[PDB]
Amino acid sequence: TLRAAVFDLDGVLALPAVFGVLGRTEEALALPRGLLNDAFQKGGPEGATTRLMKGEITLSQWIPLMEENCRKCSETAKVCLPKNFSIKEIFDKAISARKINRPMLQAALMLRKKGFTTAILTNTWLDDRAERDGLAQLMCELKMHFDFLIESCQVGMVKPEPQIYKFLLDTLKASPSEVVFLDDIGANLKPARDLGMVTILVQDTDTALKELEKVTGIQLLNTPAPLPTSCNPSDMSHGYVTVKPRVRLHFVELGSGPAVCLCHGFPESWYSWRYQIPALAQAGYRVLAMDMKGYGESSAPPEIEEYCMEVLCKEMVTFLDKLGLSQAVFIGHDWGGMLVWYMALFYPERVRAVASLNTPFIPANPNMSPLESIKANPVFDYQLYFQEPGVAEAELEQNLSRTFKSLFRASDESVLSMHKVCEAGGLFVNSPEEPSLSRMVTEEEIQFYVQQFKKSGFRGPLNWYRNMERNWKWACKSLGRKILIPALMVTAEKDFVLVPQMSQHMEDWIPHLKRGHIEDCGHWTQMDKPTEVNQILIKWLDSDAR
């Protein structure tokens, strides 16, 4: 019964194989067949390339040794190397072209999900070229999906020496019979086979995957498109900034590049962006996912007026000042989306670009209080229930597990009616005490939210709804303005509270507004349609905020 799978990097997880570029270079330059491959292997175990793979010398020290090897090989073949011959140019282009073999990585992720331990065993070098960042980025993307990464140049051993396979089995804590080994080079399989390992010679990916399926008993080919990579909270960098004496904000950070601030809604957490954080960082952005004021590890003062938009926006500006960021792209959802439109209206100099998921920009009505406007819409009755301090808190804190299981559901799985909440006496008065787990979340994901809300409670979160008149008064100062910076509005078809029709007149205030629309998507946009959200945000960021 197999329990571990070992993959090679070159020719298996990354294509095209850098070793195969020498074959295509000889053809293009009309050089004798196998000339560059001979210079590459020249010397065997004592040759320059073996020393490179063992970590004795770096890639830049090896380039002039391979150049000499090319000249010595050409003199024996009775041929001359071209005028523009450069080993550095050949290897720079070969390393740059190599992309991740997606079906192979997907098969490794599936095996790991099914309980297998996965590893990369590769003959690689210490890259000190001016272009070494390209290799570093590739290694980082692959690294997070594997339990172990054993690089020849770090252990001082190379394939096919039998000692590297013994070191591998020692690291894996497994017998050779429980290990599948995938390599594109025949010579590298012989030692794994001599020990008794199941070996797969990888020539083309699909045949290698059919062999892997047959030997593991798991379907790898023709399987559905997987969900985006999620966050493990304990693997994140956690940041803490004091913006005022009693107020500290917690955030999670990943990536480098332009700052992108993610602002969650009610009653959520930074964890609601778990599918976006790795994708946006991989796209080349530095992601800061906040615990908004009143939530998780951020401060939760009890005073209502501590959660009016004016105070909230001012603290967000101070957050940027203390981090030393002159600007950030602001992306919000639900209450966070309401906040990012007001950041664009009051502090445009600090906002690189503004994006809102579900929440439309609706300008304040000076002739009508927001309270009277809430009576006009029966779906907004739950907001009147949230007004009296203590009432909605007691119901929502009564059983946290029930609260989050009833709220976090796909549009067709809904168990709550947002109408006559006040008349019914509560939000959950007509709901089951033990709701079923939605297909959108796992029990482990639900438990993260109950842990976060055990410390804080719902007072801070509910206070965001208890400043309607103060927010209205403050918003009325911006009625003469327009939003003229890059802006994106994303509507969710099945959000029956923040319906797409509420955003139809936004172009009057934000004339160059860009749009996104997600079909069959409810209120919890990020966890309902994570792949679609990532695609719409990355496309917009790369064009409007870069």
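Throughout, rigid core stands for the largest set of C-alpha atoms superposing within 1.5 Å between the two forms. In this text, residue numbers run from 1 along the sequence as written.
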{"query": "Stretch departing more from the displayed form, 408 to 416 or 230 to 238, Cα RMS in 8 other deposited structures of this protein (core fit)", "finding": "408 to 416"}
{"query": "Between 18 to 26 and 521 to 529, larger RMS Cα displacement in 8 other deposited structures of this protein after core fit", "finding": "18 to 26"}
{"query": "Residue range whose averaged C-alpha B-factor is higher in the record, 526 to 534 or 16 to 24", "finding": "16 to 24"}
{"query": "Which of 311 to 319 and 201 to 209 has higher mean CA B factor, as the PDB entry lists it", "finding": "201 to 209"}
{"query": "Candidate set 474, 380, 270, 335 [ranked by C-alpha B-factor, highest]", "finding": "380"}
{"query": "Member of 423, 349, 127, 297 with the greatest C-alpha B factor (per the PDB record)", "finding": "423"}
{"query": "Chain third (lowest, middle, highest) by recorded CA B-factor, residue given as residue 398", "finding": "middle"}
{"query": "Assigned third (lowest, middle, highest) for the C-alpha B factor of residue 500", "finding": "middle"}
{"query": "Chain third (lowest, middle, highest) by recorded CA B-factor, residue given as residue 157", "finding": "middle"}
{"query": "Residue 173 by Cα B-factor - lowest, middle or highest third of the modelled chain", "finding": "highest"}
{"query": "Chain-wide C-alpha B factor ranking for residue 181, given as lowest, middle or highest third", "finding": "middle"}
